[PDB]
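With PDB, C-alpha atoms and all ligand atoms inside, this is run_12.pdb:
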```pdb
ATOM      1  CA  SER A 209     -17.842 -45.948  12.672  1.00  0.00           C
ATOM      2  CA  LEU A 210     -18.712 -43.237  10.152  1.00  0.00           C
ATOM      3  CA  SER A 211     -15.840 -40.801   9.627  1.00  0.00           C
ATOM      4  CA  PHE A 212     -15.453 -37.460   7.864  1.00  0.00           C
ATOM      5  CA  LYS A 213     -12.260 -35.701   6.794  1.00  0.00           C
ATOM      6  CA  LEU A 214     -12.818 -31.934   6.873  1.00  0.00           C
ATOM      7  CA  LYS A 215     -10.435 -29.459   5.248  1.00  0.00           C
ATOM      8  CA  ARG A 216     -10.831 -25.886   6.467  1.00  0.00           C
ATOM      9  CA  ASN A 217     -11.218 -23.158   3.862  1.00  0.00           C
ATOM     10  CA  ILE A 218      -8.745 -20.316   4.358  1.00  0.00           C
ATOM     11  CA  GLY A 219     -10.249 -17.435   2.375  1.00  0.00           C
ATOM     12  CA  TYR A 220     -12.187 -16.096   5.349  1.00  0.00           C
ATOM     13  CA  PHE A 221      -9.006 -15.948   7.415  1.00  0.00           C
ATOM     14  CA  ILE A 222      -7.138 -14.195   4.606  1.00  0.00           C
ATOM     15  CA  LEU A 223      -9.876 -11.568   4.578  1.00  0.00           C
ATOM     16  CA  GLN A 224     -10.069 -11.332   8.371  1.00  0.00           C
ATOM     17  CA  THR A 225      -6.641 -11.601  10.013  1.00  0.00           C
ATOM     18  CA  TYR A 226      -3.811 -12.168   7.540  1.00  0.00           C
ATOM     19  CA  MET A 227      -4.187  -9.187   5.202  1.00  0.00           C
ATOM     20  CA  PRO A 228      -4.744  -6.625   8.002  1.00  0.00           C
ATOM     21  CA  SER A 229      -1.553  -7.635   9.802  1.00  0.00           C
ATOM     22  CA  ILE A 230       0.467  -7.550   6.579  1.00  0.00           C
ATOM     23  CA  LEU A 231      -0.814  -4.049   5.850  1.00  0.00           C
ATOM     24  CA  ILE A 232      -0.049  -2.978   9.415  1.00  0.00           C
ATOM     25  CA  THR A 233       3.516  -4.225   8.954  1.00  0.00           C
ATOM     26  CA  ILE A 234       3.879  -2.221   5.733  1.00  0.00           C
ATOM     27  CA  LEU A 235       2.637   0.788   7.685  1.00  0.00           C
ATOM     28  CA  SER A 236       5.315   0.092  10.285  1.00  0.00           C
ATOM     29  CA  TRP A 237       7.927   0.083   7.535  1.00  0.00           C
ATOM     30  CA  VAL A 238       6.735   3.496   6.381  1.00  0.00           C
ATOM     31  CA  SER A 239       8.513   4.943   9.433  1.00  0.00           C
ATOM     32  CA  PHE A 240      11.930   4.486   7.812  1.00  0.00           C
ATOM     33  CA  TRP A 241      11.093   6.938   5.014  1.00  0.00           C
ATOM     34  CA  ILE A 242      10.390   9.759   7.488  1.00  0.00           C
ATOM     35  CA  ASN A 243      13.365  11.931   8.404  1.00  0.00           C
ATOM     36  CA  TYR A 244      14.882  10.701  11.655  1.00  0.00           C
ATOM     37  CA  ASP A 245      14.785  14.265  13.009  1.00  0.00           C
ATOM     38  CA  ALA A 246      11.056  13.867  13.745  1.00  0.00           C
ATOM     39  CA  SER A 247      10.428  12.022  17.012  1.00  0.00           C
ATOM     40  CA  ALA A 248       6.674  12.430  17.497  1.00  0.00           C
ATOM     41  CA  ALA A 249       5.842  11.046  14.053  1.00  0.00           C
ATOM     42  CA  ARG A 250       7.985   7.910  14.214  1.00  0.00           C
ATOM     43  CA  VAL A 251       6.992   7.089  17.793  1.00  0.00           C
ATOM     44  CA  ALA A 252       3.362   7.612  16.799  1.00  0.00           C
ATOM     45  CA  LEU A 253       3.799   5.129  13.954  1.00  0.00           C
ATOM     46  CA  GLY A 254       5.463   2.523  16.138  1.00  0.00           C
ATOM     47  CA  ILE A 255       3.114   2.734  19.107  1.00  0.00           C
ATOM     48  CA  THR A 256      -0.023   2.839  16.963  1.00  0.00           C
ATOM     49  CA  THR A 257       1.185  -0.171  14.987  1.00  0.00           C
ATOM     50  CA  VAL A 258       1.964  -2.168  18.131  1.00  0.00           C
ATOM     51  CA  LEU A 259      -1.426  -1.382  19.640  1.00  0.00           C
ATOM     52  CA  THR A 260      -3.252  -2.223  16.408  1.00  0.00           C
TER      53      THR A 260
ATOM     54  CA  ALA B 300      -2.837   8.762   0.667  1.00  0.00           C
ATOM     55  CA  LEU B 301      -0.330   7.772   3.346  1.00  0.00           C
ATOM     56  CA  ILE B 302       2.228   6.664   0.749  1.00  0.00           C
ATOM     57  CA  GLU B 303       1.696   9.934  -1.117  1.00  0.00           C
ATOM     58  CA  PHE B 304       2.472  11.838   2.075  1.00  0.00           C
ATOM     59  CA  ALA B 305       5.564   9.695   2.614  1.00  0.00           C
ATOM     60  CA  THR B 306       6.760  10.500  -0.908  1.00  0.00           C
ATOM     61  CA  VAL B 307       6.099  14.216  -0.424  1.00  0.00           C
ATOM     62  CA  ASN B 308       8.080  14.205   2.817  1.00  0.00           C
ATOM     63  CA  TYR B 309      10.915  12.266   1.142  1.00  0.00           C
ATOM     64  CA  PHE B 310      11.167  14.840  -1.661  1.00  0.00           C
ATOM     65  CA  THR B 311      10.796  17.790   0.720  1.00  0.00           C
ATOM     66  CA  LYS B 312      14.037  19.731   1.367  1.00  0.00           C
ATOM     67  CA  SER B 313      15.550  18.165  -1.789  1.00  0.00           C
ATOM     68  CA  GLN B 314      13.069  18.748  -4.644  1.00  0.00           C
ATOM     69  CA  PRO B 315      10.358  21.012  -3.207  1.00  0.00           C
ATOM     70  CA  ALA B 316       8.943  21.670  -6.679  1.00  0.00           C
ATOM     71  CA  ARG B 317       8.301  17.960  -7.225  1.00  0.00           C
ATOM     72  CA  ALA B 318       6.720  17.537  -3.788  1.00  0.00           C
ATOM     73  CA  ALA B 319       4.434  20.536  -4.270  1.00  0.00           C
ATOM     74  CA  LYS B 320       3.438  19.353  -7.744  1.00  0.00           C
ATOM     75  CA  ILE B 321       2.559  15.845  -6.571  1.00  0.00           C
ATOM     76  CA  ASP B 322       0.609  17.193  -3.590  1.00  0.00           C
ATOM     77  CA  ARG B 323      -1.344  19.530  -5.867  1.00  0.00           C
ATOM     78  CA  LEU B 324      -2.101  16.709  -8.301  1.00  0.00           C
ATOM     79  CA  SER B 325      -3.182  14.385  -5.480  1.00  0.00           C
ATOM     80  CA  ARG B 326      -5.566  16.965  -4.014  1.00  0.00           C
ATOM     81  CA  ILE B 327      -7.623  16.659  -7.206  1.00  0.00           C
ATOM     82  CA  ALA B 328      -6.945  13.061  -8.238  1.00  0.00           C
ATOM     83  CA  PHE B 329      -7.874  11.321  -4.990  1.00  0.00           C
ATOM     84  CA  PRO B 330     -11.404  12.750  -4.495  1.00  0.00           C
ATOM     85  CA  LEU B 331     -12.246  12.342  -8.180  1.00  0.00           C
ATOM     86  CA  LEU B 332     -11.122   8.712  -8.271  1.00  0.00           C
ATOM     87  CA  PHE B 333     -13.019   7.975  -5.060  1.00  0.00           C
ATOM     88  CA  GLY B 334     -16.179   9.557  -6.453  1.00  0.00           C
ATOM     89  CA  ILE B 335     -15.905   7.661  -9.731  1.00  0.00           C
ATOM     90  CA  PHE B 336     -15.411   4.402  -7.845  1.00  0.00           C
ATOM     91  CA  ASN B 337     -18.430   5.103  -5.647  1.00  0.00           C
ATOM     92  CA  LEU B 338     -20.587   5.882  -8.671  1.00  0.00           C
ATOM     93  CA  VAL B 339     -19.530   2.698 -10.465  1.00  0.00           C
ATOM     94  CA  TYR B 340     -19.938   0.501  -7.382  1.00  0.00           C
ATOM     95  CA  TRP B 341     -23.392   1.771  -6.467  1.00  0.00           C
ATOM     96  CA  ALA B 342     -24.575   1.649 -10.078  1.00  0.00           C
ATOM     97  CA  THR B 343     -23.434  -1.950 -10.508  1.00  0.00           C
ATOM     98  CA  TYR B 344     -24.814  -3.141  -7.153  1.00  0.00           C
ATOM     99  CA  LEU B 345     -28.155  -1.284  -7.003  1.00  0.00           C
ATOM    100  CA  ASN B 346     -29.459  -2.419 -10.413  1.00  0.00           C
ATOM    101  CA  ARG B 347     -28.934  -6.201 -10.285  1.00  0.00           C
TER     102      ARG B 347
HETATM  103  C1  LIG A 401     -10.322 -40.715  10.259  1.00  0.00           C
HETATM  104  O1  LIG A 401     -10.047 -41.261  11.547  1.00  0.00           O
HETATM  105  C2  LIG A 401     -10.473 -42.621  11.707  1.00  0.00           C
HETATM  106  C3  LIG A 401     -10.170 -43.003  13.135  1.00  0.00           C
HETATM  107  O2  LIG A 401      -8.780 -43.234  13.322  1.00  0.00           O
HETATM  108  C4  LIG A 401      -9.765 -43.512  10.694  1.00  0.00           C
HETATM  109  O3  LIG A 401     -10.277 -44.833  10.809  1.00  0.00           O
HETATM  110  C5  LIG A 401      -9.219 -45.784  10.597  1.00  0.00           C
HETATM  111  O4  LIG A 401      -9.243 -46.299   9.261  1.00  0.00           O
HETATM  112  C6  LIG A 401      -8.218 -47.265   8.989  1.00  0.00           C
HETATM  113  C7  LIG A 401      -8.343 -47.629   7.529  1.00  0.00           C
HETATM  114  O5  LIG A 401      -9.282 -46.793   6.868  1.00  0.00           O
HETATM  115  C8  LIG A 401      -8.383 -48.463   9.917  1.00  0.00           C
HETATM  116  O6  LIG A 401      -7.328 -49.388   9.683  1.00  0.00           O
HETATM  117  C9  LIG A 401      -7.893 -50.618   9.187  1.00  0.00           C
HETATM  118  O7  LIG A 401      -7.837 -51.645  10.177  1.00  0.00           O
HETATM  119  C10 LIG A 401      -8.418 -52.894   9.748  1.00  0.00           C
HETATM  120  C11 LIG A 401      -8.415 -53.862  10.916  1.00  0.00           C
HETATM  121  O8  LIG A 401      -7.084 -53.995  11.388  1.00  0.00           O
HETATM  122  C12 LIG A 401      -6.864 -55.380  11.730  1.00  0.00           C
HETATM  123  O9  LIG A 401      -5.684 -55.863  11.114  1.00  0.00           O
HETATM  124  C13 LIG A 401      -4.479 -55.156  11.491  1.00  0.00           C
HETATM  125  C14 LIG A 401      -3.329 -55.749  10.703  1.00  0.00           C
HETATM  126  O10 LIG A 401      -3.625 -55.618   9.317  1.00  0.00           O
HETATM  127  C15 LIG A 401      -4.287 -55.270  13.012  1.00  0.00           C
HETATM  128  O11 LIG A 401      -3.141 -54.526  13.396  1.00  0.00           O
HETATM  129  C16 LIG A 401      -5.527 -54.725  13.730  1.00  0.00           C
HETATM  130  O12 LIG A 401      -5.353 -54.810  15.139  1.00  0.00           O
HETATM  131  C17 LIG A 401      -6.763 -55.478  13.266  1.00  0.00           C
HETATM  132  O13 LIG A 401      -6.582 -56.828  13.693  1.00  0.00           O
HETATM  133  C18 LIG A 401      -7.624 -53.410   8.538  1.00  0.00           C
HETATM  134  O14 LIG A 401      -8.187 -54.624   8.082  1.00  0.00           O
HETATM  135  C19 LIG A 401      -7.679 -52.352   7.433  1.00  0.00           C
HETATM  136  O15 LIG A 401      -7.080 -52.812   6.208  1.00  0.00           O
HETATM  137  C20 LIG A 401      -5.708 -53.216   6.395  1.00  0.00           C
HETATM  138  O16 LIG A 401      -5.516 -54.542   5.947  1.00  0.00           O
HETATM  139  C21 LIG A 401      -5.814 -54.757   4.548  1.00  0.00           C
HETATM  140  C22 LIG A 401      -5.600 -56.226   4.252  1.00  0.00           C
HETATM  141  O17 LIG A 401      -6.067 -56.486   2.933  1.00  0.00           O
HETATM  142  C23 LIG A 401      -4.916 -53.841   3.698  1.00  0.00           C
HETATM  143  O18 LIG A 401      -5.247 -53.997   2.328  1.00  0.00           O
HETATM  144  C24 LIG A 401      -5.115 -52.382   4.121  1.00  0.00           C
HETATM  145  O19 LIG A 401      -4.298 -51.529   3.330  1.00  0.00           O
HETATM  146  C25 LIG A 401      -4.825 -52.228   5.605  1.00  0.00           C
HETATM  147  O20 LIG A 401      -3.436 -52.519   5.764  1.00  0.00           O
HETATM  148  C26 LIG A 401      -7.098 -51.035   7.944  1.00  0.00           C
HETATM  149  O21 LIG A 401      -5.743 -51.261   8.290  1.00  0.00           O
HETATM  150  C27 LIG A 401      -8.351 -47.997  11.364  1.00  0.00           C
HETATM  151  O22 LIG A 401      -8.600 -49.096  12.233  1.00  0.00           O
HETATM  152  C28 LIG A 401      -9.408 -46.926  11.591  1.00  0.00           C
HETATM  153  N1  LIG A 401      -9.356 -46.438  12.959  1.00  0.00           N
HETATM  154  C29 LIG A 401      -9.857 -47.121  13.993  1.00  0.00           C
HETATM  155  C30 LIG A 401      -9.718 -46.473  15.337  1.00  0.00           C
HETATM  156  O23 LIG A 401     -10.398 -48.211  13.850  1.00  0.00           O
HETATM  157  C31 LIG A 401      -9.998 -42.989   9.285  1.00  0.00           C
HETATM  158  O24 LIG A 401      -9.239 -43.750   8.352  1.00  0.00           O
HETATM  159  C32 LIG A 401      -9.590 -41.525   9.196  1.00  0.00           C
HETATM  160  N2  LIG A 401      -9.847 -41.002   7.864  1.00  0.00           N
HETATM  161  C33 LIG A 401     -11.075 -40.765   7.396  1.00  0.00           C
HETATM  162  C34 LIG A 401     -11.154 -40.236   5.998  1.00  0.00           C
HETATM  163  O25 LIG A 401     -12.077 -40.974   8.069  1.00  0.00           O
END
```
Take the structure I supplied and represent it as structure tokens, if you would.
Ligand SMILES: *[C@@H]1O[C@H](CO)[C@@H](O[C@@H]2O[C@H](CO)[C@@H](O[C@@H]3O[C@H](CO[C@H]4O[C@H](CO)[C@@H](O)[C@H](O)[C@@H]4O)[C@@H](O)[C@H](O[C@H]4O[C@H](CO)[C@@H](O)[C@H](O)[C@@H]4O)[C@@H]3O)[C@H](O)[C@H]2NC(C)=O)[C@H](O)[C@H]1NC(C)=O
Amino acid sequence: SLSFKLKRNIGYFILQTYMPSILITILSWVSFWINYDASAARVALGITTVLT
Amino acid sequence: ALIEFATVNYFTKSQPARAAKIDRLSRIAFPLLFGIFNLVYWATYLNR
């Protein structure tokens, strides 16, 4: 038996899937700084974030 | 740009002068910074 122990590099996944979702969550948080009198804006933020 | 808009909206109806000033400054700063970055990037990556 010849065996290999492979450790997966993570940088690609940081560039591809982790950073985008973090940024999308920050975007979601932006909603709380918009006056709660505006409905279209906040719902736009939330729905767009969910779909993204 | 989005955070700048959020700040402007936050300061609107409380300090309209500040919001207008920051919007006016951004209208110039953002394009100029983007153009400078593009120039630097293309210069440093087209000459290697
Ligand atoms: C990747 O995946 C593979 C597959 O699982 C791993 O391969 C295993 O490697 C380990 C060690 O590297 C193997 O274990 C070895 O077994 C030998 C034979 O075992 C006999 O003796 C034991 C009791 O000691 C009985 O229970 C068994 O039934 C056999 O009769 C041992 O001789 C080896 O050394 C042991 O004894 C010496 C005595 O001096 C000690 O110094 C050692 O520390 C150790 O205790 C060792 O135990 C195992 O069998 C392999 N798997 C298979 C399926 O065979 C790879 O290790 C893993 N990692 C990598 C990097 O590839």
ask   = Do you know which residues are within 12 Å of ligand LIG 401 (chain A) using all atoms listed in the file? Can you write them as a PyMOL selection string?
value = chain A and resi 209-215
Excluding residue 254 in chain A and any residue of its chain fewer than 5 positions from it, enumerate the residues within 12 Å of it, using only C-alpha atoms, and give them as a PDB file with C-alpha atoms, keeping the file's coordinate frame.
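As written to disk, around_17.pdb reads:
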```
ATOM      1  CA  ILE A 232      -0.049  -2.978   9.415  1.00  0.00           C
ATOM      2  CA  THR A 233       3.516  -4.225   8.954  1.00  0.00           C
ATOM      3  CA  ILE A 234       3.879  -2.221   5.733  1.00  0.00           C
ATOM      4  CA  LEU A 235       2.637   0.788   7.685  1.00  0.00           C
ATOM      5  CA  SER A 236       5.315   0.092  10.285  1.00  0.00           C
ATOM      6  CA  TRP A 237       7.927   0.083   7.535  1.00  0.00           C
ATOM      7  CA  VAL A 238       6.735   3.496   6.381  1.00  0.00           C
ATOM      8  CA  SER A 239       8.513   4.943   9.433  1.00  0.00           C
ATOM      9  CA  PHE A 240      11.930   4.486   7.812  1.00  0.00           C
ATOM     10  CA  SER A 247      10.428  12.022  17.012  1.00  0.00           C
ATOM     11  CA  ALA A 248       6.674  12.430  17.497  1.00  0.00           C
ATOM     12  CA  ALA A 249       5.842  11.046  14.053  1.00  0.00           C
ATOM     13  CA  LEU A 259      -1.426  -1.382  19.640  1.00  0.00           C
ATOM     14  CA  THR A 260      -3.252  -2.223  16.408  1.00  0.00           C
TER      15      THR A 260
END
```
With chain A as the partner and 7 Å as the cut-off, tabulate the residues of chain B that qualify, each row holding the nearest pair of atoms and their distance in Å to one decimal, using all atoms listed in the file, sorted by chain and rising number, as a Markdown table.
```
| residue | atom | partner | partner_atom | distance |
| --- | --- | --- | --- | --- |
| B:305 | CA | A:241 | CA | 6.6 |
| B:308 | CA | A:242 | CA | 6.8 |
| B:309 | CA | A:241 | CA | 6.6 |
```
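The space separating CA of residue 346 in chain B from CA of residue 334 in chain B comes to 18.3 Å.
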request  = Spell out the residues picked by the PyMOL selection byres (((chain B and resi 319-326) around 12) and not hetatm) here, as JSON, numbers by chain.
outcome  = {"B": [300, 301, 302, 303, 304, 305, 306, 307, 308, 309, 310, 311, 312, 313, 314, 315, 316, 317, 318, 327, 328, 329, 330, 331, 332, 333]}
request  = Please indicate the distance in Å from CA of residue 231 in chain A to CA of residue 337 in chain B, rounded to one decimal place.
outcome  = 22.9 Å
Range 330-341 of chain B, all listed atoms, 3 Å padding on each side: what axis-aligned box centre and edge lengths in Å to one decimal come out, as JSON?
```
{"center_x": -17.3, "center_y": 6.6, "center_z": -7.5, "size_x": 18.3, "size_y": 18.2, "size_z": 12.0}
```
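Separating CA of residue 256 in chain A from CA of residue 229 in chain A is a distance of 12.8 Å.
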Produce range 320-338 of chain B of the given structure as output with N, CA and C atoms, as a short mmCIF file (atom, residue, chain, number, x, y, z; two decimals), in the first residue's frame.
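For reference, selection-v2.cif as written:
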```cif
data_model
loop_
_atom_site.label_atom_id
_atom_site.label_comp_id
_atom_site.auth_asym_id
_atom_site.auth_seq_id
_atom_site.Cartn_x
_atom_site.Cartn_y
_atom_site.Cartn_z
N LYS B 320 -22.49 68.30 1.85
CA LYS B 320 -21.05 68.47 1.68
C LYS B 320 -20.38 67.14 1.34
N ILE B 321 -20.74 66.07 2.05
CA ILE B 321 -20.10 64.79 1.80
C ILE B 321 -20.50 64.24 0.43
N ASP B 322 -21.77 64.44 0.04
CA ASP B 322 -22.17 64.02 -1.30
C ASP B 322 -21.39 64.77 -2.37
N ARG B 323 -21.23 66.08 -2.20
CA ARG B 323 -20.51 66.88 -3.18
C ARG B 323 -19.05 66.45 -3.26
N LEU B 324 -18.43 66.18 -2.11
CA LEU B 324 -17.05 65.72 -2.12
C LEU B 324 -16.93 64.35 -2.78
N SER B 325 -17.87 63.44 -2.50
CA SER B 325 -17.81 62.11 -3.09
C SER B 325 -17.93 62.17 -4.60
N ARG B 326 -18.81 63.03 -5.12
CA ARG B 326 -19.02 63.11 -6.56
C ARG B 326 -17.72 63.35 -7.31
N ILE B 327 -16.77 64.04 -6.69
CA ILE B 327 -15.46 64.24 -7.31
C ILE B 327 -14.48 63.15 -6.90
N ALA B 328 -14.45 62.80 -5.61
CA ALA B 328 -13.41 61.90 -5.12
C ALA B 328 -13.50 60.53 -5.77
N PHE B 329 -14.71 59.96 -5.84
CA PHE B 329 -14.83 58.58 -6.30
C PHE B 329 -14.33 58.39 -7.72
N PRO B 330 -14.80 59.15 -8.72
CA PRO B 330 -14.28 58.96 -10.08
C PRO B 330 -12.78 59.19 -10.18
N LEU B 331 -12.25 60.18 -9.47
CA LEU B 331 -10.82 60.46 -9.57
C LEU B 331 -10.00 59.31 -9.00
N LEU B 332 -10.41 58.79 -7.84
CA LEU B 332 -9.69 57.66 -7.26
C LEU B 332 -9.78 56.44 -8.16
N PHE B 333 -10.96 56.18 -8.74
CA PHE B 333 -11.08 55.04 -9.64
C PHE B 333 -10.18 55.20 -10.85
N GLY B 334 -10.12 56.40 -11.42
CA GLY B 334 -9.27 56.61 -12.58
C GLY B 334 -7.80 56.46 -12.24
N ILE B 335 -7.38 56.98 -11.08
CA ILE B 335 -5.99 56.83 -10.67
C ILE B 335 -5.65 55.36 -10.48
N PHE B 336 -6.55 54.61 -9.83
CA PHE B 336 -6.31 53.19 -9.64
C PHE B 336 -6.20 52.47 -10.97
N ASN B 337 -7.08 52.78 -11.92
CA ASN B 337 -7.02 52.14 -13.22
C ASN B 337 -5.70 52.44 -13.91
N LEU B 338 -5.28 53.70 -13.88
CA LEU B 338 -4.01 54.06 -14.50
C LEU B 338 -2.87 53.27 -13.89
#
```
